[PDB]
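S.K.: Chains as they are written, first to last, in PDB author numbering: chain A, 1 to 128, 131 to 211; chain C, 0 to 129, 131 to 211. Where is the CB? At the ideal position from N, CA and C, for every residue including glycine. Quick one: the structure is below, and I'll ask about it shortly.
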Ligand SMILES: Cc1cc2nc3c(=O)[nH]c(=O)nc-3n(C[C@H](O)[C@H](O)[C@H](O)COP(=O)(O)O)c2cc1C
Ligand SMILES: Cc1cc2nc3c(=O)[nH]c(=O)nc-3n(C[C@H](O)[C@H](O)[C@H](O)COP(=O)(O)O)c2cc1C
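Here it is in structure tokens:
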């Protein structure tokens, strides 16, 4: 039945991270409710997510100019092939769950490397400006932040959800939702309640996502 | 010698193959010609070691935060925590920053975020308050960005996320002056590519006389 990419960008586990704990409650409940679904954890700190580098440009340039994958160097093939797998896996899925901590207003670097690995002309978008191809998908972003960024002055500083929002628009993903676990550092006295309330929200959302 | 300038580039290709690096290079060559005494350091984020924050960095920070000496860090914790400290100290010690990036999917290459994560350090570039305040009150910065389409202006302005992010961080750090120079349109209107670039190079040269 449906394929769901549970995409995490956190080097810590659900015992040490508010985003991972919330995500964990979400995705556990999602599998409970949808036992038939293909739920794939993409762990961006365990998988190799190649940044686009000189080898990638050179490997791509070769393929572009008619060359065979055989003709790439070992490094070019390893990076290029990995990016192709990432790309293919993303298009093949039905639903996306991104889970991130807020670091300096946005997400860990590897979340940008993941987006770069799946943003591929002819797969997630096409030139026209551009139009998105992923017109039958859905996505959720679970984001943790020390202070409050969903409301108030700080909302103009929020840049991680804002970026993923732009990308979802770019890919033509028709349904996108934010679930924020926010304010636990600005209000340490309210940290457990903030967490638990976000968990309850996540488990409810998992019953219809 | 009198000011220290960090020329921070995030491109795998060089000034002969990249619009951003071509404009960056005209800028910095000229800046050096006009300010020969300034120390200008090229930080090429594709060649340098720019560690991402990972399990080892969290662990080693944690240790340091709990009152352990650096000596109690593992070898890999020391190398990564050490390196992040070098980057952080280097950033604070400079007087001016020049960021040079291509626009990839509305923003910059992943390594640019790693470098920002490396320098965004409490007690160095900002401090907490009873929110926060920037400490880089007497620094200055410039961002040169290249994009295939136009994102500085037009209805696509709302999609721009690279410059916007660095603007947020320069605000967070208290930097009172942050300028953008865009080289844009060259892929959307390929018959205008050479003129787009030559106008941006001339602008870069011009700016280098006052930066
Ligand atoms: C490197 C770094 C940068 C951070 N930057 C921010 C920030 O810009 N804004 C914020 O509110 N909290 C920031 N925090 C606090 C975390 O966002 C917060 O502790 C949150 O719970 C992180 O998600 P996690 O608990 O899933 O790790 C940062 C923490 C670290 C290590
Ligand atoms: C991986 C990748 C992603 C890109 N994403 C964007 C984008 O969002 N917007 C855009 O106008 N161009 C995009 N481009 C095109 C580059 O911005 C364009 O080639 C531009 O001239 C980049 O600057 P450079 O010339 O310094 O590389 C992308 C190119 C690549 C390889």
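If we count the other Cβ atoms within 10 Å of its Cβ and call it buried at 16 or more, is residue 104 of chain C buried or exposed?
M.R.: The residue given as residue 104 of chain C occupies position 105 in the second chain. Residue 104 of chain C is buried by the Cβ-count criterion.
S.K.: Could you tell me which uninterrupted alpha helix (DSSP H) segments, each at least 4 residues in length, are contained entirely in the region 45-96 of chain A, listed from first to last along the chain?
M.R.: List check, alpha helix (DSSP H) in window: 54-64 and 74-92.
S.K.: How is residue 186 of chain C classed by DSSP in three states: helix, strand or coil?
M.R.: Counted from its first residue, the second chain places residue 186 of chain C at position 186. The answer is coil: DSSP assigns residue 186 of chain C none of H, G, I, E or B.
S.K.: So, with DSSP's three-state summary, where would you put residue 151 of chain C?
M.R.: Working through the second chain from its first residue, we reach residue 151 of chain C at position 151. Coil.
S.K.: How would you call residue 201 of chain A, buried or exposed, if buried means at least 16 neighbouring beta carbons within 10 angstroms?
M.R.: Residue numbering aside, residue 201 of chain A sits at position 199 when the first chain is read from its first letter. Classification of residue 201 of chain A: buried, given that the 10 Å Cβ count is 16 or more.
S.K.: Would you call the region 6-22 of chain C and the region 99-117 of chain C touching, i.e. three or more CB-CB distances under 8 Å?
M.R.: Yes: the two stretches touch, three or more of their Cβ pairs being nearer than 8 Å.
S.K.: Using a Cβ-Cβ distance under 7 Å, would residue 176 of chain A count as near chain C?
M.R.: On the first chain, position 174 is the one that residue 176 of chain A refers to. Taking Cβ atoms only, chain C never reaches closer than 7 Å to residue 176 of chain A, which makes this a no.
S.K.: Is there contact here, the region 23-33 of chain C with the region 54-68 of chain C, by at least three beta-carbon pairs under 8 Å?
M.R.: No: the two stretches stay apart, fewer than three of their Cβ pairs being nearer than 8 Å.
S.K.: Smallest Cα separation from residue 106 of chain C: which of C/143, C/210 and C/131?
M.R.: Taking the second chain and counting its residues from 1, one reaches residue 106 of chain C at position 107. Considering only alpha carbons, the answer is C/143.
S.K.: Please confirm if residue 24 of chain A has its CB atom under 7 Å from at least one CB of chain C.
M.R.: As a working note, residue 24 of chain A is residue 24 in the first chain. Answer no: the Cβ-Cβ gap between residue 24 of chain A and chain C never drops below 7 Å.
S.K.: Using 10 angstroms around the beta-carbon of residue 124 of chain A, count the other beta-carbons present and answer buried if the total reaches 16, otherwise exposed.
M.R.: For this step, residue 124 of chain A is matched to residue 124 along the first chain. Classification for residue 124 of chain A: buried.
S.K.: Quick one: residues in its chain with C-beta nearer than 8 Å to the C-beta of residue 192 of chain C, no 5 flanking neighbours on either side, listed in chain order?
M.R.: For the purposes of this step, residue 192 of chain C is taken as the residue at position 192 of the second chain. Excluding positions up to five away in sequence, the list reads 185 and 186.
S.K.: Would you report the Cα separation of residue 72 of chain C and residue 8 of chain A, rounded to the nearest angstrom?
M.R.: Counted from its first residue, the second chain places residue 72 of chain C at position 73. Counted from its first residue, the first chain places residue 8 of chain A at position 8. Roughly 27 Å between the two C-alpha positions.
S.K.: Give the DSSP bridge partners of residue 8 of chain A, in chain order.
M.R.: Taking the first residue of the first chain as position 1, residue 8 of chain A is located at position 8. Bridge partners of residue 8 of chain A: A/43 and A/99.
S.K.: What I want to know is whether the C-beta of residue 105 of chain C ends up closer than 6 Å to one or more non-hydrogen atoms of ligand 2.
M.R.: For the purposes of this step, residue 105 of chain C is taken as the residue at position 106 of the second chain. It does: the Cβ of residue 105 of chain C is within 6 Å (strictly closer) of some heavy atom of ligand 2.
S.K.: Straight-line CA distance for residue 86 of chain C to residue 166 of chain A?
M.R.: As a working mapping, residue 86 of chain C is identified with position 87 in the second chain. As a working mapping, residue 166 of chain A is identified with position 164 in the first chain. Between residue 86 of chain C and residue 166 of chain A, the C-alpha separation is close to 28 Å.
S.K.: What does a CB cutoff of less than 8 Å around residue 53 of chain A pick up in its chain, not counting 5 residues either side in sequence?
M.R.: For the purposes of this step, residue 53 of chain A is taken as the residue at position 53 of the first chain. Same-chain partners within the cutoff: 79.
S.K.: Does the beta-carbon of residue 163 of chain A have 16 or more other beta-carbons within 10 angstroms, so that it is buried, or is it exposed?
M.R.: Locating residue 163 of chain A in the first chain gives position 161, counting from the first residue. It counts as buried.
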